[PDB]
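A.B. asks: Below are the C-alpha cells for one structure; questions will follow.
Number of protein chains: 2
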Amino acid sequence: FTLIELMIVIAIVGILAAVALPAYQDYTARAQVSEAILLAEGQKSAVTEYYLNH
Amino acid sequence: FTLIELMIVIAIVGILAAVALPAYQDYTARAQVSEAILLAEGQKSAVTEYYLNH
Numbered sequence: 003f004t005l006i007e008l009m010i011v012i013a014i015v016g017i018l019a020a021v022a023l024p025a026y027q028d029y030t031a032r033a034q035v036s037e038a039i040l041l042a043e044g045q046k047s048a049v050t051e052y053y054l055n056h
Numbered sequence: 003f004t005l006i007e008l009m010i011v012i013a014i015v016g017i018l019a020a021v022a023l024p025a026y027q028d029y030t031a032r033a034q035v036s037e038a039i040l041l042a043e044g045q046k047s048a049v050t051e052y053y054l055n056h
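Put into C-alpha cells, the structure is as follows:
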C-alpha cells in the first residue's frame with residue numbers, strides 16, 4: 003500500500019495540476035493594457051500645446 | 003510553470019517591442035520642417051521694404 007503512498011503522490015499530483023494558477027490572464031492584461039498606455043502619451047504635447055497656445 | 007510566468011514576461015516583452023512608438027517620425031518632422039521655417043524669415047524685410055517703399 004505504498005501504492006496508496008504512490009497513489010497519494012498520484013492523488014496529490016491529481017489535484018495539483020488544476021486551479022493552482024491565479025491571475026496570470028489577469029497579469030498579462032496589465033502589460034497588454036499597459037502597452038496601450040504607451041502610445042497616446044505623445045499626444046499629450048499638442049494637447050498641452052493647444053492648451054498651452056490657447 | 004513559472005516558465006509561463008517567464009514566457010509571460012517573455013510574452014509581455016513579446017508584444018512590447020512593437021508599435022509602442024507613436025508619432026516620432028511625425029515629431030522630428032516638425033523641427034525638420036521648422037528648420038525650413040528658420041530661413042526665409044529674413045526675406046520678409048525687403049519684402050516689407052518693397053511693400054514699405056512702394
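Line order of the protein sequences matches chains A and B.
Sequence positions in the first sequence follow this note's numbering and run 3 to 56.
Sequence positions in the second sequence follow this note's numbering and run 3 to 56.
No residue lacks a Cβ here, since even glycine has one placed at the ideal position from N, Cα and C.
Count the other CB atoms, across all protein chains shown, that sit within 10 Å of the CB of A/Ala22; report buried if there are 16 or more and exposed otherwise.
C.D. replies: Result: exposed.
A.B. asks: Quick one: what does DSSP say B/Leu40 is sitting in, helix, strand or coil?
C.D. replies: coil
A.B. asks: Is A/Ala48 helix, strand or coil when you go by DSSP?
C.D. replies: helix
A.B. asks: Taking all protein chains shown into account, decide if A/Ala33 is buried (16 or more other Cβ within 10 angstroms of its Cβ) or exposed.
C.D. replies: buried
A.B. asks: Going by alpha carbons, who is nearest to B/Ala25 out of A/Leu40, A/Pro24, A/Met9 and A/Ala13?
C.D. replies: A/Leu40
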